[PDB]
């Protein structure tokens, strides 16, 4: 039941449109997905209906400011239901031209799977 901090965080990388380019394996024991199945799919696929619009807004703030902390939101779990999550997002830039390369996300889970 109780899990240690390391086991409650998973790192993800996204292209600037929010499509997964990488996800660490810690996601599997927290909400069921294997990273391979997430690659190339939009973050939005996994946002709960009630948070999707708020995520759009956080994404806008992330791209202007370069970093954001999300609100509490729900990520849809692989077999139904959702976990509550918070994410710290960071845009990675090319310093030579200030162009955005990708988004780094540090995702940490705030609940067990709920229905």
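Positions refer to the first chain, counted from 1.
- Of the other structures of this protein that model both sides of residue 23, every one gives it coordinates; not a third omit it.
- For the cut-off of one third of the other compared entries, residue 95 qualifies: that many or more give it no coordinates while modelling its flanks.
- Here the stretch with the larger average CA B-factor, out of 59-67 and 42-50, is 59-67.
- The stretch 30-38 shows the higher mean C-alpha B-factor when 30-38 is compared against 80-88 in the entry.
- Within the selection 23, 106, 98, 102, the deposited Cα B-factor values reach their highest point at 98.
- Within the group 94, 9, 12, 15, the record's highest C-alpha temperature factor is found at 94.
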